[PDB]
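structure.cif, holding mmCIF, C-alpha atoms:
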```cif
data_final
loop_
_atom_site.group_PDB
_atom_site.id
_atom_site.type_symbol
_atom_site.label_atom_id
_atom_site.label_comp_id
_atom_site.auth_asym_id
_atom_site.auth_seq_id
_atom_site.Cartn_x
_atom_site.Cartn_y
_atom_site.Cartn_z
ATOM 1 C CA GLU O 201 2.140 -17.758 -10.700
ATOM 2 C CA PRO O 202 3.635 -14.820 -8.789
ATOM 3 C CA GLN O 203 1.216 -12.185 -7.441
ATOM 4 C CA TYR O 204 3.810 -9.646 -6.244
ATOM 5 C CA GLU O 205 7.592 -9.107 -6.358
ATOM 6 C CA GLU O 206 9.059 -9.870 -2.913
ATOM 7 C CA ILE O 207 12.562 -8.412 -2.461
ATOM 8 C CA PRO O 208 14.775 -11.479 -1.911
ATOM 9 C CA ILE O 209 17.908 -11.593 0.277
ATOM 10 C CA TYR O 210 19.679 -14.916 -0.332
ATOM 11 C CA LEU O 211 23.326 -15.428 -1.350
ATOM 12 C CA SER E 1 -5.513 10.627 5.352
ATOM 13 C CA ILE E 2 -2.013 9.908 3.994
ATOM 14 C CA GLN E 3 -0.956 11.566 0.705
ATOM 15 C CA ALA E 4 -4.096 9.948 -0.737
ATOM 16 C CA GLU E 5 -2.836 11.373 -4.050
ATOM 17 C CA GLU E 6 0.809 10.461 -4.784
ATOM 18 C CA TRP E 7 2.118 7.080 -3.599
ATOM 19 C CA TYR E 8 -1.196 5.798 -2.207
ATOM 20 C CA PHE E 9 -4.662 5.878 -3.813
ATOM 21 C CA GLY E 10 -6.771 4.099 -1.168
ATOM 22 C CA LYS E 11 -8.388 0.663 -1.399
ATOM 23 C CA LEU E 12 -7.464 -0.171 -4.993
ATOM 24 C CA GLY E 13 -6.436 -3.487 -6.587
ATOM 25 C CA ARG E 14 -3.776 -4.445 -9.159
ATOM 26 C CA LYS E 15 -6.143 -4.203 -12.134
ATOM 27 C CA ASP E 16 -7.179 -0.622 -11.463
ATOM 28 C CA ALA E 17 -3.600 0.312 -10.592
ATOM 29 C CA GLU E 18 -2.286 -0.927 -13.954
ATOM 30 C CA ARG E 19 -5.023 0.940 -15.859
ATOM 31 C CA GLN E 20 -4.837 3.852 -13.384
ATOM 32 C CA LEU E 21 -1.183 4.597 -14.172
ATOM 33 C CA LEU E 22 -1.184 3.728 -17.887
ATOM 34 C CA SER E 23 -4.626 5.297 -18.464
ATOM 35 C CA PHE E 24 -3.505 8.917 -17.968
ATOM 36 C CA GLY E 25 -1.518 9.265 -14.724
ATOM 37 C CA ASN E 26 2.296 9.437 -14.762
ATOM 38 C CA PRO E 27 5.426 8.128 -16.493
ATOM 39 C CA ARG E 28 7.689 5.343 -15.171
ATOM 40 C CA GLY E 29 9.199 5.523 -11.666
ATOM 41 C CA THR E 30 5.714 6.245 -10.268
ATOM 42 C CA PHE E 31 4.935 3.858 -7.391
ATOM 43 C CA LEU E 32 1.437 4.302 -5.896
ATOM 44 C CA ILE E 33 -0.189 2.237 -3.105
ATOM 45 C CA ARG E 34 -3.548 0.520 -2.472
ATOM 46 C CA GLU E 35 -5.188 -2.214 -0.374
ATOM 47 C CA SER E 36 -4.368 -5.716 -1.644
ATOM 48 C CA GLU E 37 -7.506 -7.812 -2.168
ATOM 49 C CA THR E 38 -5.294 -10.913 -2.055
ATOM 50 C CA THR E 39 -5.397 -11.283 1.724
ATOM 51 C CA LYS E 40 -7.981 -10.225 4.336
ATOM 52 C CA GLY E 41 -6.914 -6.717 3.333
ATOM 53 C CA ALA E 42 -3.185 -5.937 3.205
ATOM 54 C CA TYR E 43 -1.696 -2.947 1.412
ATOM 55 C CA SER E 44 0.105 -2.575 -1.907
ATOM 56 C CA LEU E 45 2.526 -0.431 -3.887
ATOM 57 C CA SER E 46 1.753 -0.324 -7.619
ATOM 58 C CA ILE E 47 4.489 0.940 -9.952
ATOM 59 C CA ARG E 48 4.553 2.422 -13.476
ATOM 60 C CA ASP E 49 7.287 1.345 -15.910
ATOM 61 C CA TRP E 50 6.837 1.935 -19.662
ATOM 62 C CA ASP E 51 9.444 0.495 -22.072
ATOM 63 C CA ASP E 52 10.648 1.176 -25.645
ATOM 64 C CA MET E 53 9.535 -2.278 -26.838
ATOM 65 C CA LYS E 54 5.892 -2.829 -25.839
ATOM 66 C CA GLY E 55 4.304 0.320 -24.392
ATOM 67 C CA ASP E 56 3.555 1.432 -20.836
ATOM 68 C CA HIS E 57 3.105 -1.108 -18.022
ATOM 69 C CA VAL E 58 2.602 -1.355 -14.266
ATOM 70 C CA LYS E 59 3.973 -3.703 -11.587
ATOM 71 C CA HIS E 60 2.980 -3.994 -7.916
ATOM 72 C CA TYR E 61 4.556 -4.606 -4.504
ATOM 73 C CA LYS E 62 2.097 -6.155 -2.022
ATOM 74 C CA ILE E 63 2.709 -4.290 1.249
ATOM 75 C CA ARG E 64 2.367 -6.236 4.511
ATOM 76 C CA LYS E 65 2.015 -4.965 8.085
ATOM 77 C CA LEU E 66 3.196 -6.233 11.479
ATOM 78 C CA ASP E 67 0.477 -6.646 14.103
ATOM 79 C CA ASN E 68 2.905 -4.841 16.406
ATOM 80 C CA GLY E 69 2.921 -1.931 13.956
ATOM 81 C CA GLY E 70 5.450 -2.315 11.132
ATOM 82 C CA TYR E 71 4.439 -1.472 7.534
ATOM 83 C CA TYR E 72 6.930 -3.224 5.207
ATOM 84 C CA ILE E 73 6.671 -4.210 1.530
ATOM 85 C CA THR E 74 9.690 -6.397 2.257
ATOM 86 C CA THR E 75 10.513 -7.812 5.693
ATOM 87 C CA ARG E 76 13.944 -6.196 5.297
ATOM 88 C CA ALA E 77 12.362 -2.921 6.499
ATOM 89 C CA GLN E 78 9.060 -1.941 8.176
ATOM 90 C CA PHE E 79 7.704 1.403 9.452
ATOM 91 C CA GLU E 80 4.936 2.797 11.642
ATOM 92 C CA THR E 81 2.532 4.017 8.932
ATOM 93 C CA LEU E 82 2.245 4.503 5.168
ATOM 94 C CA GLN E 83 3.021 8.219 5.407
ATOM 95 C CA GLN E 84 6.142 7.470 7.487
ATOM 96 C CA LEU E 85 7.275 4.744 5.060
ATOM 97 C CA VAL E 86 6.556 6.898 2.052
ATOM 98 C CA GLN E 87 8.749 9.356 3.930
ATOM 99 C CA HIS E 88 11.682 6.950 4.089
ATOM 100 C CA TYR E 89 11.159 5.504 0.627
ATOM 101 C CA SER E 90 10.987 9.078 -0.684
ATOM 102 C CA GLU E 91 14.750 9.198 -0.178
ATOM 103 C CA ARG E 92 15.297 5.479 -0.887
ATOM 104 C CA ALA E 93 13.633 2.582 -2.745
ATOM 105 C CA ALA E 94 13.994 0.294 0.308
ATOM 106 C CA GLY E 95 14.790 -2.682 -1.933
ATOM 107 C CA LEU E 96 12.058 -2.764 -4.607
ATOM 108 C CA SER E 97 12.716 -1.914 -8.281
ATOM 109 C CA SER E 98 11.993 1.763 -7.571
ATOM 110 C CA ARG E 99 10.916 3.937 -4.633
ATOM 111 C CA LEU E 100 7.427 5.419 -4.093
ATOM 112 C CA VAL E 101 6.187 8.067 -6.583
ATOM 113 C CA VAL E 102 9.339 9.756 -7.923
ATOM 114 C CA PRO E 103 7.818 12.920 -9.457
ATOM 115 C CA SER E 104 4.882 14.893 -8.010
ATOM 116 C CA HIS E 105 1.301 14.129 -9.112
ATOM 117 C CA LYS E 106 0.972 17.934 -9.067
#
```
As structure tokens, how would this structure be written, given the file I've shared?
Amino acid sequence: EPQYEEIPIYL
Amino acid sequence: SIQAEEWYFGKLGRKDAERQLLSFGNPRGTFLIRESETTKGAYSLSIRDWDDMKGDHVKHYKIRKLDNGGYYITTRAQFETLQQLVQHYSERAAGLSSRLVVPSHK
């Protein structure tokens, strides 16, 4: 249950 | 008193933001802001994105803030205020699907 889109940064 | 009428509305939530953009407001690419009621009181960046397969819609980007002074929706980039970050995002998205309001509420 996501509440907001958090810009990722993984490979 | 930031734009208070373009990329930031005030102390709004995600429910009013979705019905605030779809219920008469602007087309897609419109990213507004508002206080997130998820935490003690963080900020937010709602977005409008209609599609040719369901109707209009609206997403959101919970904005956070460093106690040292660093507004950032993503820790990849922070700023000093919401007007200064809307200033930088105005020329760039910063990393989210789209940047702050694209057009002009005018």
Counting only C-alpha atoms, what is within 9 Å of region 71-81 of chain E, bar same-chain residues fewer than 4 positions away, as number ranges by chain? O: 206-209; E: 2, 43-45, 61-66, 85-86, 88, 94-96
Could you state which residues are captured by the PyMOL selection byres ((chain O and resi 203) around 12) in this file, as a ChimeraX atom specification? /O:201-202,204-206 /E:13-15,36-39,44,46,59-63
Once the PyMOL selection byres ((chain E and resi 21-30) around 12) is applied to the coordinates I shared, what remains selected? I want it as a ChimeraX atom specification. /E:5-9,14-20,31-33,45-52,55-60,90,93,96-106
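Across the structure, CA of residue 11 (chain E) and CA of residue 82 (chain E) are spaced 13.1 Å apart.
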Can you tell me which residues surround residue 10 (chain E) at a distance of at most 7 Å, considering all atoms listed in the file, apart from same-chain residues fewer than 2 positions away, and format the answer as a ChimeraX atom specification? /E:4,8,12,34-35
